[PDB]
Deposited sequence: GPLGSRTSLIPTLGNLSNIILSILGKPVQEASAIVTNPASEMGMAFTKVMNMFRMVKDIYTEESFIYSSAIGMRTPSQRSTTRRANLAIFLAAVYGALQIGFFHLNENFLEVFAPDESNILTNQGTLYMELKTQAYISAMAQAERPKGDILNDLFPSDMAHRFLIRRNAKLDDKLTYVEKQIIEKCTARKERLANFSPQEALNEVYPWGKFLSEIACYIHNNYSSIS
């Protein structure tokens, strides 16, 4: 498709700006998003408005799936990978409205795309994301904790790892499964449940994810 082909430089430029704004120290990035009338806040708002428009050209869902839209060249795929990181970081800072269910479902495609090797720090980030999804889902008083936890920390994690790389399990993969199992149990047996956000504060997760996305992808 022509417009998706021709707009790759814009997709890339806006994604890079978002990543380098929202990858700053958490206090600095949070300030930018929560003060739209500041100098940098106003500039971020215009960048985000253009980004929302360009993103809609590439996907009607939460993230961009390069294979699904025929984006096949090395530069096209590298750009959509950057875009997906910018989307994820903007979602977690609230600049985009993407629910925790979609963040969890797409986490490996965003941080370990193209059947790459899953790394230990990705696994740790995965576990903390699932923990925040659980804490947020509990706050809606919609479904019981058991149901939430079985979705977020599922029994088929090993088959999912094999499927995603066309495969038995690697050492990191089995460590993640074991770390996730332990976190599920701690979460289910914790009391009082309403205290979990003090135990796993959001600000700490924000700092975890920005540092990863910064210190694993080049900024500016």
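Comparing the deposited sequence with the modelled residues shows gaps at 1-2, 170-173, 227, with numbering starting at 1.
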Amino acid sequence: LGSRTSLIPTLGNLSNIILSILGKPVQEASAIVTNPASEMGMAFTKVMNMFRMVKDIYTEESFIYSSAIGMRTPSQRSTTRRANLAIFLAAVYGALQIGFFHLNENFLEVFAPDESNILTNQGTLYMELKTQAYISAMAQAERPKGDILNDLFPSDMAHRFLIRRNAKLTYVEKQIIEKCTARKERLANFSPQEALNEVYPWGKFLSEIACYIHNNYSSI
From here on, numbers count along this sequence of modelled residues.
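Higher mean CA temperature factor, per the PDB entry, when comparing 136-144 with 83-91: 136-144. When the two stretches 29-37 and 54-62 are set side by side, the higher mean Cα temperature factor goes to 29-37.
When the C-alpha B-factors of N106, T124, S78, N117 are ranked from the entry, the top spot goes to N117.
Looking at the C-alpha B-factors along this chain, the one for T131 belongs to the lowest third.
Sort the chain's modelled residues by C-alpha temperature factor and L22 lands in the middle third, per the entry. In the PDB entry, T170 places in the highest third of its chain by CA B-factor. Residue-level temperature factors show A43 in the lowest third of its chain, judged at the C-alpha atom. When the modelled residues of the chain are ordered by their C-alpha B factor, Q193 lands in the middle third.
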